[PDB]
Structures are given as C-alpha cells and as structure tokens.
2 protein chains.
Amino acid sequence: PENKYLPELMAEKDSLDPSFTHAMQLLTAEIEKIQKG
Amino acid sequence: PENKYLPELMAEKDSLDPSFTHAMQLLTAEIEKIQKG
C-alpha cells in the first residue's frame, strides 16, 4: 500500500549510501510518483 | 546508456544491503527491464 510504502521509500532513501547512484535514483523516482499521485 | 547502465545496476544491486527492501526491489526490477528489453 502506497500510504505505508511512501515512508518506507523515504526511510530507505535517506539511509541508503549515495555511492549507489542508480539505487538512490530509483528510490527518488518512486517517491516522486507517490508524492505526485 | 543501457549497455553500461545494466552492469551498474547489477553492481549496486549486489552490493546494496538487503535491509533496503524497496531499494533492492527497484534495482532488481530495472535490471529485469534491460535484461528483457
């Protein structure tokens, strides 16, 4: 569910190491999609 | 570019900590998309 999935993404996102560019990018994008709806 | 982007994904994927379920899932999915074409 998106409502719980969103904070999950932000938590993984903000905890994930920046050395993983694509992993960080994909987390960023998915959050954008939920944020925009 | 997909040709270089794919090994990047696999490297981040296989180096990323499994505690990041969604980060790991999104890396997995993107690889599938390039793999399938």
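Only residues that are under 27 Å from residue A:11 (Cβ atoms), charged (D, E, K, R), more than 7 Å from chain A (Cβ to nearest Cβ) and touching a residue at least 12 places away in the same chain (Cβ under 8 Å) were counted across chain B, and they come to 1.
For chain A, which residues satisfy the criterion of being among the polar types (S, T, N, Q) and either farther than 15 Å from residue B:19 by Cα or surrounded by 15 or more Cβ atoms within 10 Å (Cβ to Cβ) (or both)? Those that are among the polar types (S, T, N, Q) and either farther than 15 Å from residue B:19 by Cα or surrounded by 15 or more Cβ atoms within 10 Å (Cβ to Cβ) (or both): A:3, A:19, A:21, A:25, A:28, A:35.
Neighbour counts run over all protein chains shown; Cβ positions are idealised from the backbone, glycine included. Readers should treat all values here as calculations from the given coordinates under stated rules, not as data from a laboratory.
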